[PDB]
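Structure first, commentary second.
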Amino acid sequence: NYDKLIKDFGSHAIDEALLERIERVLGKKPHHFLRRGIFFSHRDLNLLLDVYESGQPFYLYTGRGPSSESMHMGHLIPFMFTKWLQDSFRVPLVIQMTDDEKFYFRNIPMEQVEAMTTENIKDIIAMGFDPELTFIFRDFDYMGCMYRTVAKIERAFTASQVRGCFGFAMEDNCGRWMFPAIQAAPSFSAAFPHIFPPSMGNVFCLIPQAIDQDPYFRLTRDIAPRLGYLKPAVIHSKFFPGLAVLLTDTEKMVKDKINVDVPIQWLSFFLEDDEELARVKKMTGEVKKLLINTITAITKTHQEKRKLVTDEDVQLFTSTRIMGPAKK
Amino acid sequence: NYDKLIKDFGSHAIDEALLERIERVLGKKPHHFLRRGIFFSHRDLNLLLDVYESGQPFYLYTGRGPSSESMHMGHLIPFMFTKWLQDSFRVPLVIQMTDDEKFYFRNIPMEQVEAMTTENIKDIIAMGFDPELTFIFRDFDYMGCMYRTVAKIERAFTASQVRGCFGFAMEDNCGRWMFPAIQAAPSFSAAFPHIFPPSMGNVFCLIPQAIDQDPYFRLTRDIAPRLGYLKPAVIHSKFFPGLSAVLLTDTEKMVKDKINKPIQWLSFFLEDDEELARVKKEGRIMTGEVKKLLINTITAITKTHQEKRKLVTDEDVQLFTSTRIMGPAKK
């Protein structure tokens, strides 16, 4: 199923040798996503690790499209894994809020997008991300900081090509046509001089993304050296299986929504200790009791954490303060 | 010739009534471009003047595409007029340096564009523009300040439409396709909150442009009210006539040489009116005695510009480009 996808996207499987490498590099066991093979494929990860073991820094880049809702459980994966990578490797994390993208795609008024984006930013800060090494940005504000790197990608991409990947119609607005380069830009360390100074050159980027999005992104990877940039490394996740459950849900709703292969999979994602998964993996309703318990905590913890996130925290995480390798 | 263009663009001629209005509003004679009918057509100018006479502010917006050269004489017209409008009405002027556009159109390295843009900025400052009321910006730096207003136009324009106006091919790069909105954005006061605070609402914009460019721009004008913005006023110039060119860096010898081998040129550049009338008459004046007058008047313009340019400094560039509080942000 997945081994077939690896072959024709062409990618690279995460083997046992690479798991042993991650372990001796960090001095710990890998995250359960890796041990259980949820994050299963990659591009250039070995290069990134070479770089790290040499004392060079790298960074992480994930993004988040604003919704007028709260994150689904399945949306947590890359943030859960990102946060681990960041804690472990002690590296910067750049989180892009694609407020311009929501604005261009749906016909919604900007002040409504901006307002929902604020709320999505709070959901993220509530995950416990370290503000010493994490930078959340709004395209509407941070474009212009990074416009030069955006401009270099816009000039590299042709209308025909982005049409090809994304399937834009002529009756689609210009905002949609131009956005792909904005999404590309963060893959490149030049986009963040307040964290990677241009006098130090390129810093490697690692992007966690579900395997399905890879075909967009061969575009942005192959054009890196023409810009003298560093083709960014990628680590691929397996699909999250649906049913949805939201972070704002009460115990009752989580209990109700849940009540068979699918739930065992949910536990593969969320239950932390391994032997208790193995014990389980050997009635249907007793399973569901365990999943509802473990999810409830995650949500309850998130709800409890969110209510302390304040407007200054949002300003703090969004500000362009000197970070990471700008310790000089 | 031009009256035909006014009709099918469709526009409005600048009549004698409007010239008398400009005169009593300013307490002076209009600029020779208006008196001589070089700036001859307009859109919404009367609206703009109504606004001004009520004590509201308005502003000016012209642009400049960076070249790896020095401005041609014919490139001065909108700056000459802009500077007059600004001195007269005491209004802000926003000058856009389309460095991103040059970058997207020609295959040039960004640092070369940015370097030529700096030099084009110096050529402008050397015209004597008042830095209290003039704001020159680089798209590469000022995008992001104005990205929200750009975003509103990008979302308003469809790929089909911009194709329709500008004739972009699919093999053309995404930079070209997205640029029109970036050029539109300054037509709107929301693009400059450091000069027009958003708590005061929309401030009228006046754009001087040669009549040929109008057909691009019906696009950006008609979409204003859907954004709740103010369809910007326009004032139209006649074509500048070439030579089959003369540059601001040229020496006396070169200006003299280039010319030999013109009445219209004098219409643009010679300031006092009766001496133009005298010329525009006297089987008395030989062709060559005309050329002597044009070469004299151009030489000064250039010499003055060269003399002024050599005192423009790197801090002046930073000053004119900075986002300091200006105009109606006096609060």
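Chains as they are written, first to last, in PDB author numbering: chain A, 16 to 258, 272 to 287, 310 to 332, 340 to 385; chain B, 16 to 259, 272 to 288, 313 to 333, 337 to 385.
Note that the Cβ used here is the ideal one computed from N, Cα and C, for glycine as well.
So, do the segment 145 to 165 of chain A and the segment 364 to 380 of chain A have three or more beta carbon pairs nearer to each other than 8 Å? yes
Return yes when the Cβ of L221/A is within less than 7 Å of the Cβ of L75/A, no when it is not. For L75/A and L221/A, yes; Cβs fall inside 7 Å.
DSSP beta-bridge partners of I352/A: In the DSSP assignment, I352/A forms no beta bridge with any residue.
Interface flag, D115/B vs chain A, CB-CB below 7 Å: yes
How is residue 263/A classed by DSSP in three states: helix, strand or coil? Missing here is residue 263/A; chain A as given proceeds from 258 to 272 without the residues in between.
So is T164/A buried or exposed if we call it buried at 16+ other beta carbons inside 10 Å? buried
Best match in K44/A, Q315/A and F254/A for proximity to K331/A [C-alpha to C-alpha]: Minimum Cα distance to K331/A is reached at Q315/A.
When you compare the CB positions of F94/A and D229/A, do they come within less than 7 Å of one another, or not? no
Tell me, please, whether the segment 54 to 63 of chain A touches the segment 197 to 208 of chain A by the rule of three or more beta-carbon pairs shorter than 8 Å. Result no; under three Cβ-Cβ pairs closer than 8 Å.
Take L63/B as the anchor and find which of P247/B, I352/B and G342/B has the nearest alpha-carbon. Per the Cα distances, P247/B.
Does any C-beta atom of chain B lie closer than 7 Å to the C-beta of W316/A? no
Distance, Cα to Cα, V371/A vs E84/A? Distance from the CA of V371/A to the CA of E84/A, rounded to the nearest whole angstrom, comes to 18 Å.
Taking just the CA atoms, how far does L245/A sit from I29/A? Cα-Cα distance, rounded: 21 Å.
Go ahead and label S376/B buried or exposed: buried means 16 or more other beta carbons lie within 10 angstroms of its beta carbon, across all protein chains shown. exposed
Between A225/B, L373/B and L41/B, which has its C-alpha nearest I92/B's C-alpha? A225/B
Taking Cβ positions, are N188/B and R121/A nearer each other than 7 Å? no
How many angstroms separate the CA atom of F181/A from the CA atom of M193/A? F181/A and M193/A: Cα-Cα distance of roughly 11 Å.
Between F219/A and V109/A, which are expected to be in contact by the criterion C-beta below 8 Å, what is the C-beta distance as a whole number of angstroms? That belief does not hold up - the Cβ atoms of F219/A and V109/A are roughly 13 Å apart, past 8 Å.
Presumed contact (8 Å Cβ cut-off) between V273/A and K283/A, rounded CB distance: The pair is not a contact, with the Cβ atoms about 10 Å apart (cut-off 8 Å).
Length of the line joining the Cα atoms of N217/B and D237/B: 16 Å
Round the Cβ separation of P223/A and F118/A to the nearest angstrom and send it over; I've been treating them as touching at under 8 Å. That pair is no contact at about 25 Å.
Taking the alpha-carbon positions, what's the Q101/A to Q127/B distance? 38 Å
At which residues does the beta strand (DSSP E) containing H57/B begin and terminate? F54 to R58
Out of curiosity, what's the CA-to-CA distance linking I250/A and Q71/B? 58 Å
Any idea what DSSP makes of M215/A, helix, strand or coil? Three-state DSSP puts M215/A in a helix.
Chain B beta carbons: is any one of them nearer than 7 Å to that of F54/A? no
If I follow the unbroken beta strand (DSSP E) through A248/A, where does it start and stop? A248 to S252
Contact list for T173/B against chain A, beta-carbon separation under 8 Å: Under the 8 Å cutoff, chain A gives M185, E186, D187, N188 and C189.
Whole beta strand (DSSP E) runs in the segment 60 to 100 of chain B with 3 or more residues, listed along the chain? 73 to 79
Indicate the three-state DSSP secondary structure (helix, strand or coil) for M112/A in the structure shown. strand
Please report the distance separating the alpha-carbon of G159/B from that of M185/A. 26 Å
Strictly by DSSP, which residues pair up with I222/A? In DSSP, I222/A forms a bridge with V249/A.
Residues of the segment 115 to 141 of chain B with a CB closer than 8 Å to any CB of chain A: list them in chain order, please. Against chain A - using a Cβ distance shorter than 8 Å - the residues of the segment 115 to 141 of chain B are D115, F118, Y119 and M125.
Same chain, Cβ closer than 8 Å to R105/A, five either side skipped, listed in chain order: Excluding residues within five positions, the ones whose Cβ falls inside 8 Å are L148.
Could you give the distance in angstroms between the alpha-carbon of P195/A and the alpha-carbon of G190/B? Going by the C-alpha atoms only, they are around 12 Å apart.
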